[PDB]
file final30.txt (compact mmCIF, C-alpha atoms and all ligand atoms)
# COMPACT_ATOMS: atom_id res chain seq x y z
CA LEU A 53 -6.33 123.29 23.66
CA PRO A 54 -3.33 121.03 22.94
CA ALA A 55 -0.14 123.11 23.34
CA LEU A 56 3.13 122.55 21.48
CA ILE A 57 6.30 121.60 23.35
CA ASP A 58 7.91 124.66 21.70
CA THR A 59 6.37 127.47 23.71
CA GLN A 60 7.94 129.94 21.25
CA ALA A 61 6.83 128.24 18.02
CA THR A 62 6.23 130.52 15.08
CA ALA A 63 2.75 131.91 14.52
CA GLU A 64 2.25 129.62 11.54
CA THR A 65 3.40 126.53 13.47
CA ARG A 66 1.13 127.34 16.43
CA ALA A 67 -1.73 127.92 14.01
CA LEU A 68 -1.20 124.59 12.26
CA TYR A 69 -1.30 122.66 15.54
CA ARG A 70 -4.40 124.55 16.75
CA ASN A 71 -6.20 124.00 13.43
CA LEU A 72 -5.35 120.29 13.33
CA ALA A 73 -6.76 120.05 16.86
CA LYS A 74 -10.04 121.63 15.64
CA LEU A 75 -10.36 119.80 12.28
CA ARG A 76 -9.68 116.32 13.63
CA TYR A 77 -13.19 115.68 14.97
CA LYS A 78 -14.98 115.90 11.61
CA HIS A 79 -12.12 115.51 9.13
CA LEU A 80 -9.09 113.53 8.10
CA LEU A 81 -6.25 115.03 6.04
CA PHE A 82 -4.78 112.72 3.39
CA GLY A 83 -1.01 112.48 2.94
CA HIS A 84 1.42 110.90 0.50
CA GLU A 85 5.20 110.44 0.67
CA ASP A 86 7.45 111.88 -2.09
CA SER A 87 4.26 112.89 -3.87
CA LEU A 88 5.75 115.59 -6.11
CA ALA A 89 9.11 113.90 -6.69
CA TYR A 90 8.11 111.00 -8.95
CA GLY A 91 5.44 108.42 -9.52
CA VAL A 92 5.32 104.82 -10.62
CA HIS A 93 5.48 105.73 -14.34
CA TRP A 94 7.09 109.20 -14.39
CA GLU A 95 9.94 111.28 -13.03
CA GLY A 96 11.26 114.74 -13.95
CA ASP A 97 8.14 116.92 -14.08
CA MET A 98 8.50 119.79 -11.62
CA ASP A 99 4.79 119.98 -10.73
CA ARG A 100 3.10 116.59 -10.87
CA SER A 101 1.75 113.88 -8.52
CA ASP A 102 0.19 110.44 -9.07
CA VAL A 103 -2.41 111.49 -6.49
CA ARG A 104 -3.38 114.58 -8.52
CA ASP A 105 -3.36 112.63 -11.79
CA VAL A 106 -6.08 110.37 -10.32
CA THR A 107 -8.21 112.82 -8.30
CA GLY A 108 -7.43 116.26 -9.64
CA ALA A 109 -6.05 117.32 -6.21
CA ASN A 110 -2.72 117.19 -4.43
CA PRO A 111 -2.52 115.46 -1.06
CA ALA A 112 -3.14 117.70 1.95
CA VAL A 113 -0.02 116.37 3.70
CA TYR A 114 3.29 115.99 1.88
CA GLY A 115 5.82 113.56 3.36
CA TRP A 116 9.53 113.89 2.64
CA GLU A 117 12.60 111.93 3.71
CA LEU A 118 16.09 113.16 4.62
CA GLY A 119 18.25 110.00 4.72
CA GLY A 120 21.67 110.83 3.28
CA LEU A 121 21.48 114.57 4.10
CA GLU A 122 23.69 113.89 7.12
CA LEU A 123 26.42 112.51 4.85
CA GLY A 124 26.44 115.60 2.66
CA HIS A 125 24.78 113.82 -0.28
CA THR A 126 23.11 115.95 -2.92
CA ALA A 127 20.13 113.56 -3.04
CA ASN A 128 18.44 111.33 -0.49
CA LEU A 129 18.57 107.56 -0.24
CA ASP A 130 15.83 107.21 -2.92
CA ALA A 131 17.63 109.71 -5.23
CA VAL A 132 15.39 112.69 -4.46
CA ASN A 133 17.53 115.79 -5.03
CA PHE A 134 17.58 117.98 -1.89
CA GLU A 135 17.36 121.31 -3.75
CA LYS A 136 14.32 120.05 -5.64
CA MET A 137 12.90 118.78 -2.32
CA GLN A 138 13.24 122.31 -0.83
CA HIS A 139 11.43 123.72 -3.88
CA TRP A 140 8.65 121.14 -3.57
CA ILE A 141 8.24 121.76 0.17
CA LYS A 142 7.95 125.48 -0.47
CA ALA A 143 5.48 124.92 -3.33
CA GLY A 144 3.23 122.64 -1.29
CA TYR A 145 3.31 124.98 1.70
CA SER A 146 2.50 127.95 -0.57
CA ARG A 147 -0.71 126.16 -1.60
CA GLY A 148 -1.69 125.62 2.07
CA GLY A 149 -0.50 122.01 2.35
CA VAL A 150 1.15 120.43 5.40
CA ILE A 151 4.77 119.26 5.46
CA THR A 152 6.09 116.21 7.36
CA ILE A 153 9.63 114.83 7.34
CA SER A 154 11.12 111.46 8.31
CA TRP A 155 14.80 110.55 8.45
CA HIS A 156 16.31 107.14 7.63
CA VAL A 157 19.67 108.10 9.13
CA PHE A 158 22.65 106.14 7.83
CA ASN A 159 24.64 104.07 10.33
CA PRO A 160 27.56 106.26 11.49
CA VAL A 161 29.60 103.33 12.85
CA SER A 162 29.65 101.22 9.68
CA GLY A 163 28.74 103.76 7.03
CA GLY A 164 25.87 101.45 5.99
CA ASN A 165 22.22 102.46 5.79
CA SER A 166 19.44 102.49 8.42
CA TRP A 167 18.93 98.73 8.00
CA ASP A 168 22.55 98.00 9.00
CA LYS A 169 21.99 96.93 12.60
CA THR A 170 25.53 97.70 13.83
CA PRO A 171 24.93 99.31 17.25
CA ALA A 172 25.25 103.10 17.26
CA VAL A 173 22.75 104.76 19.62
CA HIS A 174 24.89 104.30 22.74
CA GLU A 175 27.76 106.07 20.91
CA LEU A 176 25.60 108.97 19.68
CA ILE A 177 23.86 110.05 22.88
CA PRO A 178 25.34 112.57 25.36
CA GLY A 179 28.46 111.03 26.88
CA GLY A 180 28.93 108.68 23.93
CA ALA A 181 32.10 108.68 21.84
CA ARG A 182 30.22 109.66 18.70
CA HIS A 183 28.17 112.48 20.27
CA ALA A 184 29.93 114.98 17.96
CA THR A 185 28.58 112.96 15.00
CA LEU A 186 24.97 113.30 16.23
CA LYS A 187 25.43 117.07 16.46
CA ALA A 188 26.95 117.23 12.96
CA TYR A 189 24.08 115.12 11.57
CA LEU A 190 21.43 117.35 13.17
CA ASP A 191 23.27 120.46 11.91
CA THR A 192 22.65 119.28 8.35
CA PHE A 193 18.91 119.51 9.01
CA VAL A 194 19.33 122.97 10.49
CA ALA A 195 20.99 123.98 7.21
CA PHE A 196 18.31 122.28 5.07
CA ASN A 197 15.61 124.09 7.04
CA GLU A 198 17.33 127.44 6.31
CA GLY A 199 16.84 126.69 2.61
CA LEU A 200 13.10 126.70 3.24
CA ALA A 201 13.01 130.28 4.63
CA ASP A 202 11.79 133.46 3.06
CA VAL A 203 12.29 137.02 4.33
CA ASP A 204 9.43 139.50 4.07
CA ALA A 205 9.45 143.22 3.23
CA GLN A 206 9.90 144.08 6.94
CA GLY A 207 13.04 141.88 7.25
CA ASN A 208 11.32 139.04 9.12
CA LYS A 209 12.10 135.43 8.34
CA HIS A 210 9.35 132.87 7.74
CA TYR A 211 9.46 129.09 7.45
CA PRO A 212 7.06 126.32 6.60
CA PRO A 213 5.99 124.47 9.75
CA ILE A 214 7.31 120.89 9.66
CA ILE A 215 5.95 117.82 11.44
CA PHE A 216 9.34 116.29 12.20
CA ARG A 217 9.10 112.53 12.76
CA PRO A 218 12.53 111.13 13.64
CA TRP A 219 13.69 107.75 14.91
CA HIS A 220 10.50 106.03 13.79
CA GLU A 221 9.30 102.45 14.20
CA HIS A 222 11.74 102.13 17.12
CA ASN A 223 9.83 99.22 18.68
CA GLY A 224 10.75 97.20 15.61
CA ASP A 225 14.18 95.59 15.14
CA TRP A 226 14.79 96.58 11.50
CA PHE A 227 16.57 99.93 12.06
CA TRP A 228 19.75 100.44 14.06
CA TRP A 229 17.87 102.64 16.56
CA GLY A 230 15.37 99.82 17.13
CA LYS A 231 14.67 97.32 19.87
CA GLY A 232 17.52 94.80 20.12
CA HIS A 233 20.12 97.32 18.86
CA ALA A 234 19.64 100.13 21.38
CA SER A 235 18.51 99.98 25.01
CA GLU A 236 15.20 101.61 25.84
CA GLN A 237 16.92 104.19 28.02
CA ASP A 238 19.46 105.03 25.33
CA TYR A 239 16.67 105.47 22.76
CA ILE A 240 14.96 107.88 25.15
CA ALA A 241 18.25 109.76 25.59
CA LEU A 242 18.62 110.00 21.80
CA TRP A 243 15.11 111.41 21.38
CA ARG A 244 15.47 113.89 24.24
CA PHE A 245 18.81 115.11 22.87
CA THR A 246 17.31 115.56 19.42
CA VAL A 247 14.62 117.85 20.87
CA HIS A 248 17.01 119.74 23.17
CA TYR A 249 19.46 120.28 20.32
CA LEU A 250 16.98 121.42 17.68
CA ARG A 251 14.52 123.34 19.86
CA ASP A 252 16.84 124.73 22.57
CA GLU A 253 20.42 124.89 21.25
CA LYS A 254 19.66 125.61 17.59
CA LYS A 255 16.42 127.48 18.35
CA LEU A 256 14.34 126.06 15.54
CA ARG A 257 10.80 127.37 16.03
CA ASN A 258 8.97 125.79 13.08
CA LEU A 259 8.89 122.13 14.25
CA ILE A 260 6.12 119.90 15.56
CA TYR A 261 7.54 116.60 16.92
CA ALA A 262 5.87 113.29 15.98
CA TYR A 263 6.44 109.93 17.72
CA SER A 264 5.63 106.82 15.62
CA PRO A 265 5.98 103.23 16.86
CA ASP A 266 4.98 100.41 14.51
CA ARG A 267 1.70 98.62 15.29
CA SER A 268 3.02 95.27 14.08
CA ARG A 269 5.19 95.03 17.19
CA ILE A 270 2.52 96.11 19.70
CA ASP A 271 0.53 93.44 21.60
CA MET A 272 -3.13 94.41 21.13
CA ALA A 273 -3.95 92.94 24.55
CA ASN A 274 -1.59 95.52 26.10
CA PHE A 275 -1.59 98.36 23.60
CA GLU A 276 -0.64 101.30 25.79
CA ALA A 277 2.39 99.54 27.32
CA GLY A 278 3.65 98.53 23.90
CA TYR A 279 2.99 101.99 22.41
CA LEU A 280 4.94 103.64 25.24
CA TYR A 281 8.05 101.44 24.87
CA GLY A 282 10.77 104.08 24.38
CA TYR A 283 8.36 106.99 24.87
CA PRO A 284 10.53 109.99 25.81
CA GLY A 285 7.95 111.99 27.76
CA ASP A 286 5.22 114.54 27.12
CA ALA A 287 7.77 117.40 27.09
CA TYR A 288 9.28 115.85 23.94
CA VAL A 289 6.30 114.89 21.73
CA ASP A 290 3.51 116.86 20.01
CA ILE A 291 1.95 114.18 17.76
CA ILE A 292 1.04 110.71 18.99
CA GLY A 293 1.60 108.87 15.72
CA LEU A 294 1.52 105.26 14.56
CA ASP A 295 2.78 103.31 11.59
CA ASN A 296 0.16 100.62 10.84
CA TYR A 297 0.51 98.61 7.66
CA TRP A 298 -0.42 95.43 9.55
CA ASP A 299 -4.20 95.84 9.89
CA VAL A 300 -4.67 97.02 6.28
CA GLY A 301 -3.79 93.73 4.59
CA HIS A 302 -0.06 93.15 5.00
CA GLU A 303 0.84 89.89 3.17
CA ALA A 304 2.27 88.31 6.34
CA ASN A 305 -0.84 88.92 8.46
CA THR A 306 -2.95 85.75 8.64
CA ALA A 307 -5.89 87.46 10.42
CA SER A 308 -9.15 87.59 8.45
CA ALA A 309 -10.16 90.85 6.79
CA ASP A 310 -12.87 91.27 9.44
CA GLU A 311 -10.40 90.79 12.28
CA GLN A 312 -7.99 93.24 10.60
CA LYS A 313 -10.67 95.94 10.24
CA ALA A 314 -11.56 95.56 13.90
CA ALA A 315 -7.88 95.74 14.89
CA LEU A 316 -7.35 98.91 12.81
CA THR A 317 -10.24 100.60 14.58
CA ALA A 318 -9.03 99.40 17.99
CA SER A 319 -5.45 100.56 17.37
CA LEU A 320 -6.66 104.06 16.43
CA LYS A 321 -9.21 104.24 19.26
CA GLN A 322 -6.45 103.49 21.77
CA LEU A 323 -4.03 105.88 20.01
CA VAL A 324 -6.58 108.66 20.35
CA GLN A 325 -7.25 107.83 23.99
CA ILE A 326 -3.51 108.07 24.70
CA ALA A 327 -3.31 111.42 22.87
CA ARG A 328 -6.35 112.75 24.74
CA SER A 329 -4.88 111.75 28.12
CA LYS A 330 -1.64 113.57 27.21
CA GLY A 331 -3.17 116.69 25.63
CA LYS A 332 -1.70 115.81 22.22
CA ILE A 333 -3.01 115.11 18.69
CA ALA A 334 -3.05 111.59 17.20
CA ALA A 335 -2.35 110.65 13.56
CA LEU A 336 -1.91 107.55 11.39
CA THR A 337 1.53 108.62 10.26
CA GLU A 338 2.12 105.69 7.90
CA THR A 339 -0.16 103.09 6.35
CA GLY A 340 -1.13 101.55 3.06
CA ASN A 341 -1.44 98.39 0.95
CA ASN A 342 1.71 97.91 -1.12
CA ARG A 343 0.81 97.62 -4.83
CA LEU A 344 -2.89 98.21 -4.03
CA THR A 345 -3.99 94.62 -4.52
CA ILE A 346 -7.10 94.87 -2.30
CA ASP A 347 -10.45 95.64 -3.98
CA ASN A 348 -11.97 98.88 -2.64
CA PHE A 349 -8.97 99.29 -0.33
CA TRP A 350 -9.57 102.96 0.37
CA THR A 351 -13.21 102.93 1.38
CA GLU A 352 -13.44 99.44 2.86
CA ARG A 353 -10.07 98.95 4.58
CA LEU A 354 -9.07 102.49 5.51
CA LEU A 355 -11.96 104.96 5.67
CA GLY A 356 -14.60 102.51 6.90
CA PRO A 357 -12.69 101.32 9.97
CA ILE A 358 -11.57 104.84 10.86
CA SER A 359 -15.15 106.20 10.61
CA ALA A 360 -16.68 103.27 12.55
CA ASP A 361 -15.66 104.61 15.96
CA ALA A 362 -15.79 108.25 17.10
CA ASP A 363 -12.52 107.95 19.03
CA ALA A 364 -10.69 106.33 16.09
CA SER A 365 -12.00 109.05 13.81
CA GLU A 366 -10.32 111.81 15.89
CA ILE A 367 -6.98 111.17 14.23
CA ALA A 368 -5.98 114.33 12.35
CA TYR A 369 -4.37 112.78 9.26
CA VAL A 370 -3.43 109.58 7.47
CA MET A 371 -0.35 109.28 5.24
CA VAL A 372 0.52 106.52 2.79
CA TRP A 373 4.02 105.70 1.59
CA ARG A 374 5.78 106.47 -1.67
CA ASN A 375 5.07 105.55 -5.31
CA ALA A 376 8.46 104.20 -6.35
CA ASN A 377 9.47 104.77 -9.98
CA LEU A 378 9.63 101.50 -11.95
CA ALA A 379 12.09 102.72 -14.59
CA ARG A 380 14.82 103.10 -11.96
CA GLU A 381 13.80 100.88 -9.05
CA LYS A 382 13.33 97.23 -9.88
CA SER A 383 11.06 96.33 -6.94
CA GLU A 384 7.45 97.40 -7.64
CA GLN A 385 6.27 99.46 -4.68
CA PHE A 386 3.47 101.99 -4.39
CA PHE A 387 0.78 103.02 -1.93
CA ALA A 388 -1.29 105.59 -3.84
CA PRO A 389 -2.90 104.77 -7.22
CA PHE A 390 -2.07 106.20 -10.61
CA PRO A 391 -4.40 106.43 -13.62
CA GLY A 392 -5.64 103.01 -14.65
CA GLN A 393 -4.56 101.27 -11.43
CA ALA A 394 -7.33 99.00 -10.11
CA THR A 395 -8.09 101.04 -6.96
CA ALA A 396 -8.17 104.44 -8.71
CA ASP A 397 -11.97 104.81 -8.71
CA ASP A 398 -12.16 103.76 -5.06
CA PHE A 399 -9.44 106.33 -4.30
CA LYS A 400 -11.65 108.92 -6.03
CA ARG A 401 -14.45 107.87 -3.67
CA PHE A 402 -12.07 108.26 -0.70
CA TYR A 403 -11.15 111.76 -1.94
CA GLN A 404 -14.81 112.60 -2.50
CA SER A 405 -15.83 111.68 1.06
CA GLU A 406 -16.88 114.72 3.06
CA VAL A 407 -14.55 113.50 5.89
CA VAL A 408 -11.37 113.33 3.83
CA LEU A 409 -9.52 116.53 2.89
CA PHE A 410 -6.95 116.86 0.14
CA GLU A 411 -5.12 120.15 -0.59
CA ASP A 412 -8.01 121.60 -2.60
CA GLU A 413 -10.47 121.77 0.34
CA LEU A 414 -8.19 122.63 3.24
CA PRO A 415 -9.19 125.59 5.35
CA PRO A 416 -6.45 128.16 6.00
CA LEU A 417 -4.28 126.17 8.41
CA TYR A 418 -1.65 128.80 9.07
CA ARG A 419 -3.72 131.59 10.68
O1 LIG A 501 7.25 99.55 3.73
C1 LIG A 501 7.05 100.96 3.61
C2 LIG A 501 7.85 101.75 4.65
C3 LIG A 501 7.40 101.38 6.06
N1 LIG A 501 8.08 102.26 7.00
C4 LIG A 501 9.54 102.11 6.94
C5 LIG A 501 10.08 102.42 5.54
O2 LIG A 501 11.48 102.12 5.59
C6 LIG A 501 9.36 101.58 4.48
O3 LIG A 501 9.64 101.99 3.15
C7 LIG A 501 10.98 102.10 2.70
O4 LIG A 501 11.27 103.51 2.82
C8 LIG A 501 12.62 103.81 2.42
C9 LIG A 501 12.83 105.31 2.61
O5 LIG A 501 12.00 106.08 1.75
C10 LIG A 501 12.86 103.36 0.97
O6 LIG A 501 14.26 103.54 0.67
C11 LIG A 501 12.45 101.91 0.75
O7 LIG A 501 12.51 101.56 -0.66
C12 LIG A 501 11.02 101.72 1.25
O8 LIG A 501 10.13 102.53 0.47
NA NA A 502 -10.35 112.95 12.12
NA NA A 503 -13.29 114.97 0.57

call {"tool": "encode", "arguments": {"input": "final30.txt", "output": "structure tokens", "more": "lines below"}}
Ligand SMILES: OC[C@H]1CNC[C@@H](O)[C@@H]1O[C@@H]1O[C@H](CO)[C@@H](O)[C@H](O)[C@@H]1O
Ligand code: NA
Ligand code: NA
result
Amino acid sequence: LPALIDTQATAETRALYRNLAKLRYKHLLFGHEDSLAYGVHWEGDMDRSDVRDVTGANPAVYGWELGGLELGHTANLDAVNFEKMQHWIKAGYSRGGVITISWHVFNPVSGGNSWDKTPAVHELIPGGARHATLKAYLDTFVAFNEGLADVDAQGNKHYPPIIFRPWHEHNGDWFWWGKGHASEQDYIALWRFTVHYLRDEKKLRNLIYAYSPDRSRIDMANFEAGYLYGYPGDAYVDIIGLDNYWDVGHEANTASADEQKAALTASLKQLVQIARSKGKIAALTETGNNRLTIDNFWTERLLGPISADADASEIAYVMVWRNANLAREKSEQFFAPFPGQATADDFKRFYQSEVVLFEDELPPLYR
């Protein structure tokens, strides 16, 4: 019953959205960022994942990241080669997995990265001096997407559906498109242009658009108002997402574990209520406990609070962030386990739950 904002979406893209809308009541898809690219202790293998090394299964949802594509780089900001990324997207999709993409766009004004707060949104939007730059940046995604296509025996082109999740965590102040660096109206203009350009001008038909504020900057006494800061309108969003690392044990959060569990459930309950009111689908688009320091994290801090409330449980998927490779990145950072990591057995339990689906037990999402 939810309908995509692209009324002409490909059959496979329509099917994915419809099937997520059906599956969400009884199930939760598990996702991992950069899951096939590397893990904490390995890089180079062309078909491997830390998640699979622990559980025997790939994640159901594969997250990927485009930052640097817009500058013509051959690899993204975490050194993931774009040609390999296209291969991995196609491989995951061929197995029935779901694809989602974020984009830590570099700062066009300074040439710095997404964390360089030099103002740029006002320049990029329609009427802005750098509007040609926004078009050029988006054109690089159009080209990347073409490298995901196949053409069948009848001459018809097919693509993997993509849950495209741009301009994320915009209620935070850490990215240049965030609060304090861009006005609310200019952010909305940026989002609306992104959709008009990709869906209407460029006629991409394989996208599902996900909106994803950060929970850590939402007042829980006024959740809906905070969630809807910068919301561009129902004609511009398909997935009512949320990045919530706060209620799952973030080091800076002084709330007790019991308060945090309750807040996780409440955040997802309200997310789902917003999605229901709008005819959309909700998802926990980013979460996790960096370095997996919390005993029984998966069952006690993630699955338990989601399953505690029937509204909260109607999220369609949950994705955790990447497993950075220690040999080349000096800051230890990971959100899924690897063999021998302390939470590995609890992650097996999470996988084993009847609620949680990894790639190996997905129904056919694309018909
Ligand atoms: O803390 C984990 C996430 C939370 N969401 C914002 C994101 O920037 C952050 O992780 C960083 O992600 C970038 C892009 O992949 C990466 O370069 C950094 O090293 C962090 O993983
Ligand atoms: Na669900
Ligand atoms: Na399961």

call {"tool": "closest_residue", "arguments": {"input": "final30.txt", "among": "A:250, A:407, A:181, A:131", "to": "ligand LIG 501 (chain A)", "atoms": "only C-alpha atoms and all ligand atoms"}}
result
A:131

call {"tool": "atom_distance", "arguments": {"input": "final30.txt", "atom1": "atom CA of residue A:319", "atom2": "atom CA of residue A:230"}}
result
20.8 Å

call {"tool": "residues_around", "arguments": {"input": "final30.txt", "residues": "residue A:75", "least_positions_apart": "3", "cutoff": "10 Å", "atoms": "all atoms listed in the file", "output": "PyMOL selection string"}}
result
chain A and resi 70-72+78-81+366-369+407+409+414-415+417

call {"tool": "residues_near_point", "arguments": {"input": "final30.txt", "point": "(9.6, 130.3, 18.0)", "cutoff": "12 Å", "atoms": "all atoms listed in the file", "output": "list in words"}}
result
residues 56, 57, 58, 59, 60, 61, 62, 63, 64, 65, 66, 209, 210, 211, 213, 250, 251, 252, 254, 255, 256, 257, 258, 259 and 260 of chain A

call {"tool": "residues_near_ligand", "arguments": {"input": "final30.txt", "ligand": "ligand LIG 501 (chain A)", "cutoff": "9 Å", "atoms": "only C-alpha atoms and all ligand atoms", "output": "PyMOL selection string"}}
result
chain A and resi 85-86+116-119+128-130+154-156+166-167+220-221+226-227+266+295-297+338-340+342+372-376+381+383+385-387

call {"tool": "write_last_selection", "arguments": {"input": "final30.txt", "atoms": "C-alpha atoms", "output": "PDB file, in the coordinates of the input"}}
result
ATOM      1  CA  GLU A  85       5.200 110.440   0.670  1.00  0.00           C
ATOM      2  CA  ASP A  86       7.450 111.880  -2.090  1.00  0.00           C
ATOM      3  CA  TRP A 116       9.530 113.890   2.640  1.00  0.00           C
ATOM      4  CA  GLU A 117      12.600 111.930   3.710  1.00  0.00           C
ATOM      5  CA  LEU A 118      16.090 113.160   4.620  1.00  0.00           C
ATOM      6  CA  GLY A 119      18.250 110.000   4.720  1.00  0.00           C
ATOM      7  CA  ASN A 128      18.440 111.330  -0.490  1.00  0.00           C
ATOM      8  CA  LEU A 129      18.570 107.560  -0.240  1.00  0.00           C
ATOM      9  CA  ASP A 130      15.830 107.210  -2.920  1.00  0.00           C
ATOM     10  CA  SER A 154      11.120 111.460   8.310  1.00  0.00           C
ATOM     11  CA  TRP A 155      14.800 110.550   8.450  1.00  0.00           C
ATOM     12  CA  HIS A 156      16.310 107.140   7.630  1.00  0.00           C
ATOM     13  CA  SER A 166      19.440 102.490   8.420  1.00  0.00           C
ATOM     14  CA  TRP A 167      18.930  98.730   8.000  1.00  0.00           C
ATOM     15  CA  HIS A 220      10.500 106.030  13.790  1.00  0.00           C
ATOM     16  CA  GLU A 221       9.300 102.450  14.200  1.00  0.00           C
ATOM     17  CA  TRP A 226      14.790  96.580  11.500  1.00  0.00           C
ATOM     18  CA  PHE A 227      16.570  99.930  12.060  1.00  0.00           C
ATOM     19  CA  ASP A 266       4.980 100.410  14.510  1.00  0.00           C
ATOM     20  CA  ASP A 295       2.780 103.310  11.590  1.00  0.00           C
ATOM     21  CA  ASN A 296       0.160 100.620  10.840  1.00  0.00           C
ATOM     22  CA  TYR A 297       0.510  98.610   7.660  1.00  0.00           C
ATOM     23  CA  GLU A 338       2.120 105.690   7.900  1.00  0.00           C
ATOM     24  CA  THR A 339      -0.160 103.090   6.350  1.00  0.00           C
ATOM     25  CA  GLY A 340      -1.130 101.550   3.060  1.00  0.00           C
ATOM     26  CA  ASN A 342       1.710  97.910  -1.120  1.00  0.00           C
ATOM     27  CA  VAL A 372       0.520 106.520   2.790  1.00  0.00           C
ATOM     28  CA  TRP A 373       4.020 105.700   1.590  1.00  0.00           C
ATOM     29  CA  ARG A 374       5.780 106.470  -1.670  1.00  0.00           C
ATOM     30  CA  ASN A 375       5.070 105.550  -5.310  1.00  0.00           C
ATOM     31  CA  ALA A 376       8.460 104.200  -6.350  1.00  0.00           C
ATOM     32  CA  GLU A 381      13.800 100.880  -9.050  1.00  0.00           C
ATOM     33  CA  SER A 383      11.060  96.330  -6.940  1.00  0.00           C
ATOM     34  CA  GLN A 385       6.270  99.460  -4.680  1.00  0.00           C
ATOM     35  CA  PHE A 386       3.470 101.990  -4.390  1.00  0.00           C
ATOM     36  CA  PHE A 387       0.780 103.020  -1.930  1.00  0.00           C
TER      37      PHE A 387
END

call {"tool": "residues_near_ligand", "arguments": {"input": "final30.txt", "ligand": "ligand NA 503 (chain A)", "cutoff": "8 Å", "atoms": "all atoms listed in the file", "output": "PyMOL selection string"}}
result
chain A and resi 402-410+413

call {"tool": "closest_residue", "arguments": {"input": "final30.txt", "among": "A:343, A:321, A:419, A:174", "to": "ligand NA 502 (chain A)", "atoms": "all atoms listed in the file"}}
result
A:321

call {"tool": "closest_residue", "arguments": {"input": "final30.txt", "among": "A:110, A:350, A:334, A:243", "to": "ligand NA 502 (chain A)", "atoms": "only C-alpha atoms and all ligand atoms"}}
result
A:334

call {"tool": "closest_residue", "arguments": {"input": "final30.txt", "among": "A:169, A:84, A:244, A:187", "to": "residue A:149", "atoms": "only C-alpha atoms"}}
result
A:84

call {"tool": "closest_residue", "arguments": {"input": "final30.txt", "among": "A:190, A:272, A:200, A:277", "to": "residue A:140", "atoms": "only C-alpha atoms"}}
result
A:200

call {"tool": "closest_residue", "arguments": {"input": "final30.txt", "among": "A:143, A:379, A:151, A:67", "to": "residue A:100", "atoms": "only C-alpha atoms"}}
result
A:143

call {"tool": "residues_around", "arguments": {"input": "final30.txt", "residues": "residue A:106", "least_positions_apart": "3", "cutoff": "6 Å", "atoms": "all atoms listed in the file", "output": "PyMOL selection string"}}
result
chain A and resi 103+390-391

call {"tool": "atom_distance", "arguments": {"input": "final30.txt", "atom1": "atom CA of residue A:268", "atom2": "atom CA of residue A:356"}}
result
20.4 Å

call {"tool": "residues_around", "arguments": {"input": "final30.txt", "residues": "residue A:178", "least_positions_apart": "4", "cutoff": "12 Å", "atoms": "only C-alpha atoms", "output": "ChimeraX atom specification"}}
result
/A:173-174,182-187,238-246,248-249

call {"tool": "decode", "arguments": {"input": "final30.txt", "residues": "stretch 235-263 of chain A", "atoms": "C-alpha atoms", "output": "PDB file, in the first residue's frame"}}
result
ATOM      1  CA  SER A 235      19.507  27.228   6.384  1.00  0.00           C
ATOM      2  CA  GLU A 236      16.580  24.866   6.753  1.00  0.00           C
ATOM      3  CA  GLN A 237      14.984  26.220   3.590  1.00  0.00           C
ATOM      4  CA  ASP A 238      18.193  25.854   1.603  1.00  0.00           C
ATOM      5  CA  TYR A 239      18.576  22.240   2.796  1.00  0.00           C
ATOM      6  CA  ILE A 240      15.038  21.558   1.602  1.00  0.00           C
ATOM      7  CA  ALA A 241      15.858  23.168  -1.759  1.00  0.00           C
ATOM      8  CA  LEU A 242      18.960  20.957  -2.048  1.00  0.00           C
ATOM      9  CA  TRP A 243      16.974  17.788  -1.351  1.00  0.00           C
ATOM     10  CA  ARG A 244      14.145  18.714  -3.725  1.00  0.00           C
ATOM     11  CA  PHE A 245      16.622  19.525  -6.500  1.00  0.00           C
ATOM     12  CA  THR A 246      18.395  16.212  -5.975  1.00  0.00           C
ATOM     13  CA  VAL A 247      15.104  14.353  -6.524  1.00  0.00           C
ATOM     14  CA  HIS A 248      13.980  16.520  -9.451  1.00  0.00           C
ATOM     15  CA  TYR A 249      17.359  16.127 -11.140  1.00  0.00           C
ATOM     16  CA  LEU A 250      17.753  12.375 -10.709  1.00  0.00           C
ATOM     17  CA  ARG A 251      14.122  11.275 -11.073  1.00  0.00           C
ATOM     18  CA  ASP A 252      12.806  13.870 -13.566  1.00  0.00           C
ATOM     19  CA  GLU A 253      15.709  15.330 -15.577  1.00  0.00           C
ATOM     20  CA  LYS A 254      17.950  12.252 -15.677  1.00  0.00           C
ATOM     21  CA  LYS A 255      15.037   9.791 -15.547  1.00  0.00           C
ATOM     22  CA  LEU A 256      16.576   7.305 -13.151  1.00  0.00           C
ATOM     23  CA  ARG A 257      13.889   4.721 -12.388  1.00  0.00           C
ATOM     24  CA  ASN A 258      15.716   2.390  -9.987  1.00  0.00           C
ATOM     25  CA  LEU A 259      15.893   4.649  -6.884  1.00  0.00           C
ATOM     26  CA  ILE A 260      14.077   4.614  -3.560  1.00  0.00           C
ATOM     27  CA  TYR A 261      14.804   7.818  -1.569  1.00  0.00           C
ATOM     28  CA  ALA A 262      15.685   7.582   2.148  1.00  0.00           C
ATOM     29  CA  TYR A 263      15.665  10.493   4.638  1.00  0.00           C
TER      30      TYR A 263
END
